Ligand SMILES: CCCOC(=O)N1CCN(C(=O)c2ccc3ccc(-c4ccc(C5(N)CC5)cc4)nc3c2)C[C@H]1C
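Next up: a single chain in structure tokens, the form deposited without the named molecule.
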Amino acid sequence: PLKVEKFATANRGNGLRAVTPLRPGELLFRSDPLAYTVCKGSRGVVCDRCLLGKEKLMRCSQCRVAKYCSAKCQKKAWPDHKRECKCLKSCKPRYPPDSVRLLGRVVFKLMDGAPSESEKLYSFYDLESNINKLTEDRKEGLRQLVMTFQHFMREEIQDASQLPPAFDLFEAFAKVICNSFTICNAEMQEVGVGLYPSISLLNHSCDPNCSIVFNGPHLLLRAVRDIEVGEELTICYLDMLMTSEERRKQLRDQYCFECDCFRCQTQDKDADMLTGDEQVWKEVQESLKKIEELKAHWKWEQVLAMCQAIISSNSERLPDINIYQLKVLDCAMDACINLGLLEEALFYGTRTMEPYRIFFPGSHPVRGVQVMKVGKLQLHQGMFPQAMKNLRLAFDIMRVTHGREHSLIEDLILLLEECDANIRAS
């Protein structure tokens, strides 16, 4: 018996609403993707199948593009990789955009696979395309994606008989633009992109009552507020560390809608987000383009060097609640963790705690994970009371946002037991 149902909203298309009253942390839906792939930066860093990092990956001998953590993952991926393999090989030096690789996997799944549980509430066929809102500039981009698909897939798809009935590639890419999910690993690093058509029923809110989290390719949808029967379920499509102007741009450009919510009408938190000297944070925002590029390719040493040049600059500095400063601190802490510089990681991480408390209100998985990471750093430096407080806080959040079905919660419980044991040993 489902706790959610599809319905026709008054002014934002189809949506999902509660069938029964829901409490924070209640599991509402879970789904594997219809189709997913590793993203450009994590290609060859994480396993194509399970999206976990490993020191060495095994490559597919035939295409040498797909890479895997284990023989089990390589073999189990074979059915869904078989047809793209021939295409990735035939186009050997060229690598397609992620959306093109994703849509290839959609087509093969729809042509060769049994009906997917991911489409139980809503199918790829049903997805919103927003075609009558696309700008001419966007349409031109989609035409180029279509031609890119036709080139990449030419070994496996020659005509319409090899596409689902009445399948339109331009419409399909339009659906991909406004319905793709960015898959994050346990550490909240972006590692892949997928389609989850049932989950695509959820409309957006800048102050949502539900949240999604990924455990490998697997998606869990949870309530993060009390929700009444009949109330619409929402998730935030966007990074919380964004101004209302930045949210406006991305919701127009990617999703073709204007947000009417209280936060957007009042520029909620914008002023605090942009405190400090404008010329400094405009420079930091510009530098974050390359820092975030380097991070997406797991280039931690280079990330750290650019972040240290800002955090410990000889020139003017920003407050930690400035969102561009905060992003830099977070990149620096993740780089330090991955480099084993744990004292320095804790320094940056602790500095993010109060800004994260402000910018991730309620129960948000990004804050839960950040608090977990800080507590773990404190635990292994022997700061047991402080670690315990943060690990408990991480559990208060993550019991709502991750829940027992998520493997990270088991890791957190272990840290809680370890820290508690240390406190009892006195």
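In this text, rigid core is short for the largest set of C-alphas that superpose within 1.5 Å between two forms. Residue positions are given as counts along the sequence shown, with the first one as 1.
S.K.: Quick one: with the core lined up, is it 230-238 or 106-114 that wanders further in 6 other deposited structures of this protein, going by C-alpha RMS?
M.R.: Result of the core-fitted comparison in 6 other deposited structures of this protein: 106-114 deviates more.
S.K.: What stretch shows more C-alpha movement in 6 other deposited structures of this protein relative to this form, 147-155 or 312-320, after the core is superposed?
M.R.: If we average over structures and residues in 6 other deposited structures of this protein, the farther stretch is 312-320.
S.K.: Which of the two stretches, 71-79 or 189-197, shows the higher mean Cα temperature factor in the record?
M.R.: On average, C-alpha B-factors are higher across 71-79.
S.K.: Mean CA temperature factor from the deposited coordinates, higher in 335-343 or in 320-328?
M.R.: Looking at the recorded C-alpha B-factors, 335-343 comes out higher on average.
S.K.: Looking at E117, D207, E128, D253, which has the biggest Cα B factor in the entry?
M.R.: Reading the PDB entry, the winner on C-alpha B-factor is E117.
S.K.: Could you say which of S99, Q158, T350, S211 has its CA atom at the highest B factor, as listed in the PDB entry?
M.R.: Top of the list by C-alpha B-factor: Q158.
S.K.: Considering only modelled residues of the same chain, in which third does the CA B-factor of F395 rank: lowest, middle or highest?
M.R.: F395: CA B-factor falls in the middle third of its chain.
S.K.: Once the chain's modelled residues are ordered by C-alpha B factor and cut into thirds, is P355 in the lowest, middle or highest one?
M.R.: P355: CA B-factor falls in the lowest third of its chain.
S.K.: Quick check on the deposited entry: does the C-alpha B-factor of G25 sit in the lowest, middle or highest third of its chain?
M.R.: Its C-alpha B-factor belongs to the middle third of this chain's values.
S.K.: Of the three thirds of its chain by CA temperature factor, lowest, middle or highest, which one includes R367?
M.R.: Lowest third - that is where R367 ends up once the chain's C-alpha B-factors are sorted.
S.K.: When the deposited Cα B-factors of this chain's modelled residues are ordered and cut into thirds, is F124 in the lowest, the middle or the highest one?
M.R.: Its C-alpha B-factor, which the entry lists for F124, ranks in the lowest third among residues of this chain.
One more form of this protein, solved in complex with the named molecule, exists but is not displayed; see below.
S.K.: Heavy atoms within 4.5 Å of the named molecule in the deposited bound form: which of the stretches 275-283, 161-169, 310-318, 352-360 has them?
M.R.: Stretch 352-360 is the one.
S.K.: Which of these residues, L341, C264, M306, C178, gets a heavy atom within 4.5 Å of the named molecule in the deposited bound form?
M.R.: For this set of options, the contacting one is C178.
S.K.: Counting any non-hydrogen atom inside 4.5 Å, which residue from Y348, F124, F173, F214 sits next to the named molecule in the deposited bound form?
M.R.: Exactly one listed residue reaches within 4.5 Å, namely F214.
S.K.: Would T135 count as touching the named molecule in the deposited bound form under a 4.5 Å heavy atom rule?
M.R.: Output for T135 is no: heavy atoms all beyond 4.5 Å of the named molecule.
S.K.: Please check if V366 has a heavy atom lying within 4.5 Å of any heavy atom of the named molecule in the deposited bound form.
M.R.: Yes.
S.K.: Taking heavy atoms only, is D253 within 4.5 angstroms of the named molecule in the deposited bound form?
M.R.: Contact with the named molecule, no.
S.K.: Quick one: is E119 in contact with the named molecule in the deposited bound form, heavy atoms, 4.5 Å cut-off?
M.R.: Outside the cut-off, so no.
S.K.: Counting only non-hydrogen atoms and a 4.5 Å cut-off, give the residues of 185-203 close to the named molecule in the deposited bound form.
M.R.: The stretch touches the partner through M188, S200.
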